[PDB]
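Peer 1: give me a 3D structure for the following:
(chains A and B)
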Amino acid sequence: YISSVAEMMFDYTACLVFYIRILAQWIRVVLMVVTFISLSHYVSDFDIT
Amino acid sequence: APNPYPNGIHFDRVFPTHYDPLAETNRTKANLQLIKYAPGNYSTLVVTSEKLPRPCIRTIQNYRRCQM
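Peer 2: Numbering: from 1, shown residues only, chains lettered A, B, ... in the order given. Coordinates below:
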């Protein structure tokens, strides 16, 4: 579109998307931690008498 | 054996568990590294008295007898 204000909005999305591709992957690190903690909680609380 | 009457007294080993005897129906087993429960799983509160020595009792009997 000839409107610079219109493209200005579509360009902000592309710049946001440019970073979301990166930051959204740190949720993978959250899973690996949460999954690693749940195992430690099961082992540390495992039965020993 | 019945579930022991709820008793909040407990002893921690590794970390504070915040044991609540009212949060579970059956009391979970005591793991060595987690908790030790209070003594007397099946116990009540009573009042008792020691029995004085026999020779001390005979001196008390002789005093009352000589008294009356």
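
Peer 1: so which bits of chain A are right by chain B?
Peer 2: Listed as neighbours of chain B in chain A under the rule Cβ under 8 Å from any Cβ of the partner chain: A:44-49. All C-beta spots, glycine's among them, are computed from the backbone N, C-alpha and C.

Peer 1: tell me which of these fall in helices.
Peer 2: Residues from these lying in helices, with DSSP state H as the criterion: residue A:44.

Peer 1: SS state for residue B:11?
Peer 2: Each residue gets one of three states, and residue B:11 gets strand by DSSP: H, G, I helix; E, B strand; the rest coil.

Peer 1: give me the neighbour count for it.
Peer 2: The number of residues packed near residue B:11 is 11, by other Cβ atoms under 10 Å in any protein chain shown.

Peer 1: pairing partners for residue B:11 in the sheet, please.
Peer 2: Residue B:11 has these beta-bridge partners by DSSP bridges: residue B:36.

Peer 1: how about the residues of chain B by chain A?
Peer 2: Contact residues, chain B versus chain A (Cβ under 8 Å from any Cβ): B:14, B:29-34.

Peer 1: most neighbours among those residues, which one is it?
Peer 2: Across the residues of chain B next to chain A, the neighbour count under other Cβ under 10 Å reaches its highest value at residue B:34, namely 20 neighbours.

Peer 1: relative to residue B:56, which of the residues of chain B next to chain A is nearest.
Peer 2: Using Cβ to Cβ, the shortest approach to residue B:56 within the residues of chain B next to chain A belongs to residue B:30, at 43.6 Å.

Peer 1: the closest one - that's part of a strand, no?
Peer 2: No. Counting by three-state DSSP, residue B:30 falls outside a strand, being coil.

Peer 1: quick revisit: farthest pair within the residues of chain B next to chain A?
Peer 2: When Cβ to Cβ is used, the two most widely separated members of these are B:14 and B:29, lying 15.8 Å apart.
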